[PDB]
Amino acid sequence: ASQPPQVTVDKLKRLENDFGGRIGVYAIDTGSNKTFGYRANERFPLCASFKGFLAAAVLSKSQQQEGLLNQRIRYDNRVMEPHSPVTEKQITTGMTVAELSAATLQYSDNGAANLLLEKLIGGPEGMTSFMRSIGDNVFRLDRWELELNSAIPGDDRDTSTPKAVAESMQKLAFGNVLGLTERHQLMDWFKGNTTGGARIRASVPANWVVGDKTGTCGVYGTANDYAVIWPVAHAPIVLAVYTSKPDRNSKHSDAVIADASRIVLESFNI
């Protein structure tokens, strides 16, 4: 009952040619275990999309350290990175670990990302080792915000693949690597993301529920989104959509990500 894979490939290749870049995807029907990929094992820059996994790493650490989420972090006289919309307002109050995690995921807050990487997760190396610990042998985070966003073609630093991103999202959302409380909290955070309205969310009927995390490097036409999608009375779908363009000075396209997502989701004939 699903569409032939080549039909879906054919559609994505036409979309790619109109876009003038590369589109990589991977999707998993968590109920049938049917999958679809296109450029699924090619590396793409993560950009901010790692922050959803950073929030998961924090939750995994809290599952072993009672009360970690409520711990208050203060950062008086810290130089805050560009795009710190939540953390720049909370210097006087500080923020809890839960609030930092929610901010980094839902607002892409860089101050929050680097605070959590410095104080809780152990830097890019620690982020990568969390992903290794869940069986993701592909992901790599090498640099801190914002240097990780350079998106240079051929540079494998700060990259993953659509398949690895989708597989890791599936494990975290639905597998055994996080406890029930932690899963539920992670899903709530993804559902409340604020930066994805023009991407995967724009590809689905408005009564479907979506949790997602975006990435927008700001160079080389490079942008992405990954998500859990809950269609009406169907098993959730996990989807990753990554894009890049060869020229440094091109812009990314939200619409191309939404259109790619629609093509892939339609292929499951839900």
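Residue numbers here begin at 1 and follow the sequence given.
Averaged over CA atoms, B-factors in the entry run higher in 15-23 than in the other of 15-23 and 252-260.
Mean CA temperature factor is higher for 67-75 when stretches 187-195 and 67-75 are set side by side in the entry. The residue among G154, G126, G111, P162 whose C-alpha atom has the highest B-factor in the PDB entry is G154. Highest C-alpha temperature factor among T181, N149, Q170, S101, as the PDB entry reports it: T181. The deposited CA B-factor of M80 belongs to the highest third of values across its chain. Among the modelled residues of the chain, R132 sits in the middle third by CA temperature factor in this PDB entry. Per-chain ranking of the deposited C-alpha B factor places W208 in the highest third.
Per the PDB record, residue ranking by Cα B-factor puts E88 in the highest third of the chain. When the modelled residues of the chain are ordered by C-alpha B-factor, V97 sits in the middle third.
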